[PDB]
Amino acid sequence: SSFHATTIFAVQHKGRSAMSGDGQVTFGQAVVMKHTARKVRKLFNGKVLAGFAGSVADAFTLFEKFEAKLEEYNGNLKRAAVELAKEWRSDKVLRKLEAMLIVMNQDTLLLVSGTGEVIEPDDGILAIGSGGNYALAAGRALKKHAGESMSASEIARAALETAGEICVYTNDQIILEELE
Amino acid sequence: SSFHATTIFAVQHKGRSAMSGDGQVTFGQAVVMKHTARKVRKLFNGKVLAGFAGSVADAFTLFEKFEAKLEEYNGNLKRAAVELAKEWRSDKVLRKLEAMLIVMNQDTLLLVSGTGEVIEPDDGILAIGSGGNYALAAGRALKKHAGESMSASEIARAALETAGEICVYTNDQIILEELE
Amino acid sequence: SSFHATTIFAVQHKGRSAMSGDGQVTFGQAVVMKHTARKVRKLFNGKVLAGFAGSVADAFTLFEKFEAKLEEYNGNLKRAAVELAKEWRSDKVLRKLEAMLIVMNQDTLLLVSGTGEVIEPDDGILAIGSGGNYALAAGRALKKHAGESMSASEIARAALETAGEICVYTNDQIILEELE
Amino acid sequence: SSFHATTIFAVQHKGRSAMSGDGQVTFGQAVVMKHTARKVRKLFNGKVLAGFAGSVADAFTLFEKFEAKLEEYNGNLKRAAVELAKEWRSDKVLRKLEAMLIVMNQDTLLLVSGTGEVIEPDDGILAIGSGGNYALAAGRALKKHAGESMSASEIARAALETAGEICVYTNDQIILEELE
Amino acid sequence: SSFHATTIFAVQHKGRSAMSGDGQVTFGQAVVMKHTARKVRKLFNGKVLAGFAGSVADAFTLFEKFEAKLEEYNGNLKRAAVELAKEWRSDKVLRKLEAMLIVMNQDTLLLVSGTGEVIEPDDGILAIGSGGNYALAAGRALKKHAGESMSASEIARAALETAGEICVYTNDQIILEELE
Amino acid sequence: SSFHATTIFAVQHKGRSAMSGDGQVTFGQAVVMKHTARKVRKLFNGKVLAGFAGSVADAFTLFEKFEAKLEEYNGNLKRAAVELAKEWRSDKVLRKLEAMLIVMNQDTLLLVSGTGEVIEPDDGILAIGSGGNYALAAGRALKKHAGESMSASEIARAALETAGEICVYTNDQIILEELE
Amino acid sequence: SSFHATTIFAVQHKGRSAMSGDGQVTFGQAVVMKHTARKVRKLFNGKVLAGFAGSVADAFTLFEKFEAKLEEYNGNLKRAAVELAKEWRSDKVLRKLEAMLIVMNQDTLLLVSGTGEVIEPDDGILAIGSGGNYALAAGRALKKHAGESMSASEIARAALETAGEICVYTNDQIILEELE
Amino acid sequence: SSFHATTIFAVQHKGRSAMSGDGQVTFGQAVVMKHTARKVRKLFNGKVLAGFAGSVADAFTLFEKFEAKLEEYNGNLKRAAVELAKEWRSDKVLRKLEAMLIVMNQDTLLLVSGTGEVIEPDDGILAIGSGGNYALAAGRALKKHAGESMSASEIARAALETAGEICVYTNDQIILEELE
Amino acid sequence: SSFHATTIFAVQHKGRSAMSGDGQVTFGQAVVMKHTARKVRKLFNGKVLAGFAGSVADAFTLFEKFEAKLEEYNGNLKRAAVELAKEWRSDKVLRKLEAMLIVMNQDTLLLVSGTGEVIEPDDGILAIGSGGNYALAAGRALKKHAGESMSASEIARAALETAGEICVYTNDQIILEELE
Amino acid sequence: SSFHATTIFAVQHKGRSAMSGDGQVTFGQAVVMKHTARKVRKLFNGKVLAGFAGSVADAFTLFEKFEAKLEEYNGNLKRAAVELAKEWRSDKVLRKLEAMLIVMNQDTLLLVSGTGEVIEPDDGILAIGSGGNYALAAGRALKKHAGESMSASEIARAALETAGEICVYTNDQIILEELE
Amino acid sequence: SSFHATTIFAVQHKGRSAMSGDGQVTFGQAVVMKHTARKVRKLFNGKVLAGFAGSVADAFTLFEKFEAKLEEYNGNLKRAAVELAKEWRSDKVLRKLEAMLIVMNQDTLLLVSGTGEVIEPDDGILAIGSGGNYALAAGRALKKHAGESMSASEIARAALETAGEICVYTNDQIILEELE
């Protein structure tokens with residue numbers, strides 16, 4: 001069989017911008033090889049958060065094509081988001097690729113898919129990978145519910161946390177990133 | 001094809017005991033026939049909450065065998081929980097049956113399965129049916145997070161709410177039940 | 001292969017109560033054997049409308065069990081609806097059976113299923129068999145939009161009409177029934 | 001799994017020409033990621049309406065090839081329709097592509113398919129994406145029945161409306177477009 | 001593998017009543033064991049034609065249950081048709097049974113199915129077994145077309161004839177039956 | 001799913017040469033998008049009838065390669081028939097292509113297949129697409145049977161007619177073509 | 001579905017060398033389109049017999065490559081046999097191809113396969129296509145038993161004959177060929 | 001989907017006899033409902049250890065039949081082991097059942113299976129449920145290597161420990177049992 | 001069928017660095033062809049250990065690309081690890097390839113996958129091929145428990161040992177390697 | 001998954017009568033639970049050898065029904081062989097049963113199958129279970145080849161031996177039985 | 001379907017070097033086309049035995065690439081073995097290829113696989129194709145057992161012999177080769 005997605009969660013609340021992801025590398029059906037991996041990077045002079053879901057070749061790889069194209073247009077996510085899609089959708093080797101890409105900036109927030117989708121969350125919460133939905137369900141849940149009572153940073157941390165709790169493919173060691 | 005599960009969520013917080021479920025009846029792949037159904041009943045002189053997931057024949061049906069056996073032992077869920085399992089696990093017609101049964105009392109809380117399982121949630125949250133997990137992920141999420149800030153009743157309401165929001169098979173019209 | 005469901009449509013608007021169904025008997029993949037069949041009967045001194053979907057054995061058969069139990073409780077659809085569910089859900093031969101049952105009265109309106117479901121449409125339109133949805137779509141659509149502009153009888157007629165238009169399994173010759 | 005088609009509906013009644021589509025982005029089995037998206041664009045100095053179904057790469061992408069070839073022949077839809085078919089049908093990457101294209105003009109109206117089909121509705125209603133039929137059913141149904149009673153704009157709106165009602169893959173927020 | 005259906009064709013034109021069937025026994029995928037078999041019998045003092053499709057146990061077997069029930073009601077096909085369905089639909093061993101039963105009388109004409117269907121051809125042509133459709137397509141074809149120019153008897157003969165000509169599972173040696 | 005074949009029927013009787021086809025565009029399982037389409041063209045100074053089955057890109061497309069190669073040999077169907085096969089059989093994009101091509105001339109008559117077959121009907125009747133066989137069964141049926149009593153033109157018309165009558169994927173609006 | 005192989009049979013007895021094949025063109029599951037086709041040709045100044053099985057493109061096509069390489073080595077079947085194998089086995093389009101090739105000369109006798117096999121029958125009977133074995137069975141059987149009693153020509157004829165008898169895919173009209 | 005086995009491990013080293021099992025109740029694909037469950041019981045005046053794997057109905061249920069037959073023969077595991085096999089293997093409801101049974105005594109040690117197997121480990125380690133092997137691997141491994149260095153109790157504990165490490169279906173909270 | 005992975009195990013304890021793998025070559029379902037093979041090589045002036053899993057072509061092959069890129073950056077595993085990933089992940093022929101690569105150095109330790117993953121075990125044990133987990137289970141288990149009590153070399157040896165015990169795909173003859 | 005067959009080999013040479021079988025209990029795909037099991041018993045005052053293949057419930061179970069019926073006829077294997085078949089073939093629970101039964105006497109030798117076969121080896125060698133064929137291939141091999149050079153007893157021993165050597169599901173610890 | 005492997009057996013005993021293979025060409029499921037074929041060749045001035053398994057195109061083909069590369073290194077099997085693997089593993093057309101290659105020399109002995117394996121039998125016996133295992137089981141069997149009592153040459157002969165005896169896809173006519 002294959003390696004399982006990592007779970008990754010981005011959220012944007014009261015103008016803080018945040019991305020949490022697990023470390024759990026779940027190989028095969030059931031086996032776990034590692035308990036920690038970095039797939040949330042900081043891109044472009046800490047201006048963007050991007051987490052990928054996938055293999056660190058694929059991972060690294062996409063990332064730069066997002067860079068390249070971010071410079072290639074001086075800060076416009078949406079634009080570069082797109083022009084990557086095009087690039088990803090077309091490339092033989094990545095077009096087939098399963099996972100997605102979470103990109104966000106100071107302002108705004110994007111799902112970006114092997115398949116050439118690019119998605120914009122109405123409510124400032126995006127989420128990918130194994131437990132995705134579970135954390136999505138945590139995210140949206142908290143924001144709606146203890147927006148005032150908690151933070152950006154915090155809400156995301158927690159997303160993941162809940163995930164690992166319902167979710168076999170998600171684990172307690174969380175990486176956390178925010179912009180300034 | 002078949003009718004989809006309803007989603008139902010029970011939770012027990014700061015000694016309030018609560019069960020929310022959607023109404024959405026999703027027939028076939030995609031079609032929706034109704035937007036309201038009662039599958040959360042009050043059982044045994046408002047002493048127990050029980051929601052089922054399923055068909056109201058099956059529904060009604062199980063319910064009474066839980067009654068019958070609740071009287072048959074003067075208030076002991078666990079006991080009756082079990083002795084139903086036995087009964088359900090064995091019966092030709094219900095043993096095959098898909099969904100589960102959420103039963104709770106003043107005190108405590110149980111999953112009860114066609115298959116003769118009976119389950120006890122460490123953290124006082126149980127959840128069944130379509131969006132289950134999504135609401136489970138809301139439940140556990142809130143409790144952990146705005147326990148103080150919100151209620152029994154409330155937390156459950158909301159579970160469902162979030163569900164319908166991620167979940168195609170779950171819908172906004174929620175039934176709510178609590179004991180005293 | 002098997003014979004295809006017939007399409008049947010019931011609706012209830014400004015106090016008239018109505019059931020339209022096609023005649024198309026579509027055998028096998030593609031073949032059509034007949035262009036007319038009656039599966040909408042009048043039941044219980046023209047007090048109820050019921051159409052079934054299925055085989056006229058199964059058809060006849062269910063119908064009487066719904067009779068028997070309608071008398072068995074002096075006009076209560078819902079009640080008898082149910083008690084049929086029970087009976088159908090249990091029976092070896094009818095439990096497995098595919099199609100559902102539309103039953104409505106002066107007052108009110110029910111889906112009733114081999115599976116032990118019994119369903120109540122918030123908005124007075126019910127629909128079964130091949131083109132079903134197509135006509136549910138038409139139903140639903142007419143009422144919201146030309147409630148004023150058209151009738152019970154007429155709205156039902158049309159549903160089917162539109163069905164046979166999109167749907168290869170539904171055909172122009174429609175049986176129409178109403179109560180008084 | 002994959003993202004679900006969006007539902008799009010075009011219709012043409014008493015000389016107004018109209019395109020409605022939902023916003024529901026339904027990822028995976030059941031999950032919903034967004035509630036709004038634009039895939040109905042205005043093309044060629046607001047002379048044509050076109051909605052696509054698909055991914056905004058694929059979306060964008062097709063659209064321009066339909067531009068390019070619309071100019072390439074000074075207003076002839078049908079012509080360009082075709083010549084696109086050809087181009088789409090051949091291209092490695094778009095040929096396999098799932099969804100279709102609705103293109104209409106002042107005058108007339110076209111389905112255009114990855115497969116090299118190009119389709120002309122006898123009755124001025126075309127329809128794509130998830131709930132499609134549901135809304136085609138509504139479309140078709142409205143026009144036959146409340147042609148008089150309602151408009152272009154309005155009939156299209158409603159289609160979608162009814163869709164989101166039966167259909168779990170279609171949602172209430174509708175984008176509406178007409179030409180002059 | 002299994003033995004293939006025989007093809008059988010009944011038709012009723014200008015008040016002559018006629019049933020043709022092939023002899024071809026096609027075993028396994030491709031093999032042919034026999035070239036002649038009688039599955040068209042005369043029943044009830046040459047009052048009825050009945051052909052079955054199937055095994056001559058099953059064959060013989062059904063036949064008598066049609067007899068029995070024909071006497072059991074003094075000439076009413078429809079009635080007995082039905083009451084067989086019931087009987088066939090229910091019996092463990094015949095309910096599963098694939099093929100159908102063509103029954104006709106002086107007057108009228110019926111398909112009768114393992115599944116408890118009973119069918120009435122609007123246009124006085126019925127047809128079962130391998131080439132069914134091909135002969136159905138001959139039948140309906142001729143009647144519509146050289147009604148005047150040909151007979152009952154004749155039209156049926158020919159049905160089969162055409163069948164064997166398009167159809168691998170149908171063969172030239174035809175049995176022919178009519179009533180007086 | 002996919003668009004269904006159109007049905008098309010060519011026949012050659014008492015030296016008249018004729019091609020009928022339906023209009024029915026059956027999309028998806030059951031849905032119908034259009035009720036009229038031209039896929040029977042006149043080719044080569046009304047010297048040849050050719051109907052295709054398929055997409056009008058594919059359609060148009062094949063057609064010209066038949067033209068081109070018909071000129072390329074001054075009237076010899078068979079020859080050009082073949083040399084197309086070669087061309088079609090080899091081309092990546094059409095070799096996979098499902099449907100076939102009916103070509104006929106003043107004299108004679110050919111099936112021509114994506115797969116590089118080229119076929120010659122002993123009896124001057126060819127037929128493709130959805131109801132094919134049903135009309136084939138009508139064709140061969142009539143000719144054999146009311147050759148004298150009817151025409152080229154006529155026999156073909158009717159083919160289709162019968163088809164739509166047994167066949168869900170075939171519809172009453174027929175296009176008719178003949179040479180002089 | 002696809003067209004069915006034609007059955008072809010070659011045999012070599014008391015120094016006569018013989019190839020019989022049917023004419024039955026069996027399209028789709030069950031349908032028959034033609035009753036005659038030539039796929040047994042005479043090659044190389046009536047020095048070789050070869051029948052193919054397949055499509056007359058593929059047919060023609062292979063044949064010439066066997067020509068070309070027969071000249072390419074001045075009468076050596078086996079040699080050219082092979083060198084064809086090579087060529088066929090490699091070619092993208094013919095490698096995948098289903099059927100095989102029977103080639104025989106004055107002297108000797110070969111099976112030659114899309115797969116790069118080349119086969120030599122110990123006992124001078126080779127056989128391909130639908131009924132093949134059936135006729136190989138007949139072949140083989142005749143020679144062992146009425147070698148004396150019958151001929152080359154005759155034994156081959158008969159094979160096919162017997163084929164069309166057991167086999168639905170094989171038919172009575174046989175093409176016969178021998179060398180001098 | 002279904003609930004996942006719990007992992008249970010028994011081992012027997014330097015005359016102590018030991019059973020460890022996790023608490024993880026893993027429902028569905030990925031979900032976890034509980035983190036604690038007891039399926040290791042003490043049987044027969046703390047004379048036997050037995051853990052089951054399964055549902056606490058099935059669980060309870062088997063257990064007693066092993067009681068009953070343990071008394072039924074005054075301490076002989078193997079005997080009763082068997083006679084249970086027999087009983088389990090035969091019973092309609094338990095025969096199909098998935099999981100196995102670990103039974104051990106002062107002396108000795110048994111696998112016992114729904115299938116009528118009864119197994120004796122040469123080396124005193126037995127193991128069932130989700131992570132099983134993982135822990136059998138750990139078991140086996142510890143004993144061979146740190147027999148001296150560690151205990152009964154301890155070796156068993158650890159097995160599970162290591163399980164929950166590799167295995168997503170196994171979790172940290174371990175129930176531990178030994179006899180005297 | 002195919003040849004089975006060989007089992008390979010690397011571990012790193014108290015600064016010794018170790019790789020054990022079996023010799024069992026298990027062809028087909030059940031068959032064993034050889035009992036010894038070398039797929040653990042010493043790389044880069046005995047500075048690295050690497051074992052592959054696979055075919056000695058694939059084996060050899062990968063190995064050198066890991067050489068080449070190890071030189072290509074003067075001792076940095078991780079770096080070269082990656083740059084290999086890239087290369088492997090991309091290459092048509094190696095990308096599809098099943099097995100992974102274990103690479104470790106004086107210092108540190110890597111999984112490297114045809115898929116473009118590159119993995120770092122928190123606890124210094126890595127493991128591939130047939131029995132893998134079994135030995136990972138043993139690995140992991142030994143270190144936690146008899147770290148003190150045993151060595152690098154020894155712990156690795158044993159892993160495999162235990163493997164061949166549970167695992168039919170792993171066998172007693174172990175190749176052992178360490179660096180200095 | 002399931003437990004794998006044991007391998008068992010019976011052979012009869014120069015009037016010695018012998019049965020060898022492995023011990024290897026291979027659970028699941030790959031896992032091995034035990035290395036020794038007795039499934040070769042001596043029956044009927046050491047007059048018969050019988051090995052079964054299967055579960056020791058099933059095992060024991062069959063055995064006695066062979067006993068019972070052996071007494072029930074005073075020494076006639078064949079007879080009792082048969083009358084067991086009947087018994088086994090019919091019984092609901094054993095008729096489904098996979099493995100077979102090797103029975104032999106002073107004289108002669110029998111395969112006896114769940115399915116109601118009873119088989120007699122021409123050459124005095126029978127063999128069942130995992131490696132069957134491999135040992136069968138050893139058996140027949142030796143006898144043919146070093147009949148003189150080796151024994152009954154010996155040849156069988158060895159069978160198994162070879163098996164475990166090619167065969168993953170067969171292991172070195174062999175049980176051996178002979179009569180006098 | 002396809003042609004079945006030939007069986008081929010190489011063995012090396014007391015310094016004689018030997019390769020036996022059957023002739024049986026088993027086509028399709030069950031059919032046999034030929035009873036003799038040479039796929040064991042002598043290569044390189046009778047210095048090497050090589051048998052292939054497969055098609056004589058593929059066959060011949062591989063063979064020379066083994067030659068070429070054998071010269072290309074002056075007698076080193078292993079080396080050339082390998083460098084073929086590389087070549088075979090990579091080539092589009094042979095990499096997919098099923099069977100293997102048995103190569104041996106004066107000294108030593110190799111399996112060589114489409115997949116880029118190259119294998120070395122510990123015990124000087126290799127075997128490929130249909131009955132492989134059966135003869136493998138004979139080979140290993142005899143050597144172990146009547147090494148002294150029989151020869152190289154002999155042992156191999158016999159392998160095959162036994163095969164054809166258990167094995168449907170292996171036949172009595174054996175080709176035998178040895179070096180000097």
# chains A, B, ... in the order shown; residues from 1 in each chain; ligands from 1
>>> select_by_dssp(residues="chain D", states="helix (DSSP H, G or I)", output="PyMOL selection string")
chain D and resi 56-71+77-90+132-146+152-166
>>> closest_atom_pairs(of="chain I", to="chain J", cutoff="12 Å", atoms="only C-alpha atoms", output="Markdown table")
| residue | atom | partner | partner_atom | distance |
| --- | --- | --- | --- | --- |
| I:4 | CA | J:168 | CA | 11.8 |
| I:24 | CA | J:168 | CA | 10.4 |
| I:25 | CA | J:166 | CA | 10.4 |
| I:26 | CA | J:168 | CA | 8.2 |
| I:27 | CA | J:166 | CA | 9.6 |
| I:28 | CA | J:167 | CA | 10.4 |
| I:29 | CA | J:168 | CA | 8.6 |
| I:30 | CA | J:168 | CA | 5.2 |
| I:31 | CA | J:166 | CA | 5.1 |
| I:32 | CA | J:166 | CA | 4.8 |
| I:33 | CA | J:166 | CA | 7.0 |
| I:34 | CA | J:166 | CA | 9.1 |
| I:35 | CA | J:165 | CA | 9.4 |
| I:130 | CA | J:30 | CA | 9.3 |
| I:131 | CA | J:30 | CA | 8.6 |
| I:132 | CA | J:30 | CA | 11.8 |
| I:133 | CA | J:31 | CA | 11.6 |
| I:134 | CA | J:31 | CA | 9.4 |
| I:162 | CA | J:32 | CA | 11.3 |
| I:163 | CA | J:31 | CA | 9.5 |
| I:164 | CA | J:32 | CA | 9.4 |
| I:165 | CA | J:32 | CA | 7.2 |
| I:166 | CA | J:32 | CA | 4.8 |
| I:167 | CA | J:31 | CA | 5.2 |
| I:168 | CA | J:30 | CA | 5.3 |
| I:169 | CA | J:30 | CA | 7.1 |
| I:170 | CA | J:168 | CA | 9.5 |
| I:171 | CA | J:168 | CA | 10.0 |
>>> select_by_dssp(residues="segment 2-165 of chain K", states="strand (DSSP E or B)", output="number ranges by chain")
K: 8-13, 16-22, 25-26, 32-34, 40-43, 48-52, 100-104, 109-113, 118-119, 125-128
>>> residues_around(residues="residue 18 of chain B", least_positions_apart="5", cutoff="7 Å", atoms="only C-alpha atoms", output="PyMOL selection string")
chain B and resi 10-12+152-153+156+177-178
>>> closest_residue(among="E:179, E:37, E:141, E:135", to="residue 161 of chain E", atoms="only C-alpha atoms")
E:135
>>> residues_around(residues="segment 41-46 of chain H", least_positions_apart="3", cutoff="12 Å", atoms="only C-alpha atoms", output="ChimeraX atom specification")
/H:8,17-21,37-38,49-53,56,59-60,62-72,74-77,101-106,175-180
